[PDB]
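**Q** I'd like to ask some things about the structure below.
Protein chains: 2
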Amino acid sequence: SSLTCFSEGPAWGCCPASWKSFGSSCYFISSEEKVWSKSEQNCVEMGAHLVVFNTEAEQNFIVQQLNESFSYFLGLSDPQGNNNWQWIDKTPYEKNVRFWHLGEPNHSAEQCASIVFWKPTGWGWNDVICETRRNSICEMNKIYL
Amino acid sequence: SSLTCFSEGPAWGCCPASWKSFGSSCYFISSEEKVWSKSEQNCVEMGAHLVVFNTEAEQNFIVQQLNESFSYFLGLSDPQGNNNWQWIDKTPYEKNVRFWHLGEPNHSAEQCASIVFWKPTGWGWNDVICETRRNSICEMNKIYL
Ligand SMILES: CO[C@H]1O[C@H](CO)[C@@H](O)[C@H](O)[C@@H]1O
Ligand SMILES: CO[C@H]1O[C@H](CO)[C@@H](O)[C@H](O)[C@@H]1O
Ligand SMILES: [Ca+2]
Ligand SMILES: [Ca+2]
Ligand SMILES: [Ca+2]
Ligand SMILES: [Ca+2]
Ligand code: NA
Ligand code: NA
């Protein structure tokens, strides 16, 4: 039963103490490995969703919290395998950022999006099979007090 | 700048991140050495006063944050040297606890009070010269949000 709260120039914005804060959102990085649907379930049970990246500044902050030997499920999927990628919170895909790696996405049967570290580019999105187990990242709104 | 907040079952009660929480107060243990007048001013510059002990449970909590080799100023003083001890917040001295060590207080000229660790009793209060330099303990109301 613990928040941490930072000053605002509302006078406080807050996140649970074991999460991470940036912008108008809290984040949680899960080091357990699950399929995509159960990764979404774990976030929901904390009152959040798989992460949605809305600007480059946001991603830049998330990647410094991650371990480079692991890949991380995002909230971006294509459930009919016809490259109609959707964000888990319905914000439009085409008008927003799309930080895919070089030569990705590239398979119709790889219907989930993950962020992963490849040299020489570093972090970027790769599409993968939704039924293989990986880490995840959640995001929810800040609490304002 | 940060606060830490605990559920209250007014829904949150908080304290600044580097302080300590118990009951309806936040506490700070200053490990610099000042005279009694400057120990008080230092607390005031943080929006606090030197500590007032109101029950024994409160004191049991504080001395577990303290270093047994050091003595600490209290918000309790006798300005005219006639044993009319008063609390810094004007709470009545008689209808309240009085954890003086055995054989204390004992000098009209020792007009400030401090908490100190004496074998065998352990922790308890002792009257001392205000113009000696010691550690101190600040207390302030909880911020509620
Ligand atoms: C080595 O990486 C390649 O193999 C994985 C299979 O998991 C693909 O998803 C990825 O896009 C690449 O083509
Ligand atoms: C170590 O304690 C003794 O000496 C201090 C002097 O500060 C007195 O206040 C106290 O009563 C004791 O006699
Ligand atoms: Ca976002
Ligand atoms: Ca792929
Ligand atoms: Ca008190
Ligand atoms: Ca004394
Ligand atoms: Na795909
Ligand atoms: Na005295």
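Top to bottom, those sequences are chains A and B.
Heads up: the first sequence runs through residues 1 to 145, numbered per this note's numbering.
Heads up: the second sequence runs through residues 1001 to 1145, numbered per this note's numbering.
Note that CB positions come from ideal geometry on N, CA and C, so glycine has one too.
#1: Helix, strand or coil: how does DSSP classify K142 (chain A) here?
#2: Buried or exposed: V51 (chain A), going by 16 or more other Cβ atoms within 10 Å of its Cβ?
#3: Are the beta-carbon atoms of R1133 (chain B) and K1034 (chain B) separated by less than 8 Å?
#4: Provide the residue span of the alpha helix (DSSP H) that contains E56 (chain A), from first to last.
#5: Could you tell me the alpha carbon to alpha carbon distance between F1073 (chain B) and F73 (chain A), rounded to whole angstroms?
#6: Going along the chain, which residues of the region 8-31 of chain A sit with their C-beta nearer than 9 Å to a C-beta in chain B?
#7: In terms of residue numbering, what span does the alpha helix (DSSP H) encompassing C130 (chain A) cover?
#8: Name the residues in the region 1056-1073 of chain B whose C-beta lies less than 7 Å from a C-beta of chain A; which are they?
#9: What alpha helix (DSSP H) runs, 4 residues minimum, are completely inside the region 1013-1063 of chain B?
#10: Could you tell me whether the region 1099-1109 of chain B touches the region 1006-1026 of chain B, using the rule of 3 or more Cβ pairs below 8 Å?
#11: For ligand 2, is there a heavy atom less than 7 Å away from the beta-carbon of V1035 (chain B)?
#12: Kindly indicate if chain B contains any beta-carbon less than 8 Å away from that of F117 (chain A).
#13: Determine the extent of the beta strand (DSSP E) in which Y1093 (chain B) is found, giving its start and end residues.
#14: By Cβ distance, which residues of its chain are closer than 8 Å to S114 (chain A), with the 5 residues on each side in sequence left out?
#15: Would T132 (chain A) pass as an interface residue toward chain D - the criterion being a Cβ-Cβ separation below 8 Å?
#16: Rounded to whole angstroms, what is the Cα-Cα separation between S1069 (chain B) and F1117 (chain B)?
#17: Does the region 1021-1039 of chain B come close enough to the region 53-69 of chain A to have 3 or more Cβ pairs within less than 8 Å?
#18: Helix, strand or coil, according to DSSP, for residue 960 (chain B) in the structure here?
#19: Just the C-alpha distance for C14 (chain A) and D1078 (chain B), rounded to the nearest angstrom, thanks.
#20: I'd like to confirm the pairing. Which residues does DSSP put opposite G122 (chain A) in its beta bridges?
#21: Distance check for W1087 (chain B) and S1039 (chain B), CA to CA, integer angstroms please.
#22: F73 (chain A) by DSSP, collapsed to three states: which one?
#23: In angstroms with no decimal places, state the Cα-to-Cα distance between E1139 (chain B) and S1031 (chain B).
#24: Under the three-state reduction of DSSP, which class applies to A113 (chain A): helix, strand or coil?
#25: Closer than 7 Å: is that where the CB of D78 (chain A) sits relative to any heavy atom of ligand 1?
**A** According to the structure shown:
#1: The three-state secondary structure of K142 (chain A), taken from DSSP, is coil.
#2: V51 (chain A) is buried by the Cβ-count criterion.
#3: Closer than 8 Å, so yes.
#4: It spans 56-63 - the alpha helix (DSSP H) in which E56 (chain A) sits, taken as one unbroken run.
#5: Just so you know, the alpha carbons of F1073 (chain B) and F73 (chain A) end up roughly 55 Å apart.
#6: If you check each beta-carbon in the region 8-31 of chain A against every beta-carbon of chain B, the ones closer than 9 Å belong to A11, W12, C14, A17.
#7: Where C130 (chain A) is concerned, there is no enclosing alpha helix (DSSP H), given that its DSSP letter is neither H nor E.
#8: Listed in sequence order: no entries.
#9: Runs of the alpha helix (DSSP H) inside the region 1013-1063 of chain B: 1036-1044, 1056-1062.
#10: Result no; under three Cβ-Cβ pairs closer than 8 Å.
#11: At a threshold of 7 Å, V1035 (chain B) does not count as near ligand 2, since its beta carbon sits no closer than that to any of the ligand's heavy atoms.
#12: No, no contact with chain B.
#13: In the DSSP assignment, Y1093 (chain B) falls outside any beta strand (DSSP E) and carries neither an H nor an E.
#14: Same-chain partners within the cutoff: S71, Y72, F73, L74, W125, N126, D127, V128, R134.
#15: Going by chain labels, chain D is absent from the structure shown, which instead holds the protein chains A and B.
#16: Their backbone Cα atoms lie some 7 Å apart in a straight line.
#17: With the cut-off at 8 Å, the region 1021-1039 of chain B and the region 53-69 of chain A do not touch.
#18: Because chain B in this structure spans residues 1001 to 1145, residue 960 (chain B) falls outside the shown range and cannot be described.
#19: Annotation: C14 (chain A) to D1078 (chain B) spans about 44 Å, alpha carbon to alpha carbon.
#20: Bridge partners of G122 (chain A): A:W118.
#21: Looking at the two C-alpha atoms, the distance is approximately 15 Å.
#22: Assigned with DSSP and collapsed to three states, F73 (chain A) falls in strand.
#23: Taking the CA atoms as reference points, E1139 (chain B) sits about 15 Å from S1031 (chain B).
#24: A113 (chain A): strand per DSSP, three-state reduction.
#25: The answer is no for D78 (chain A).
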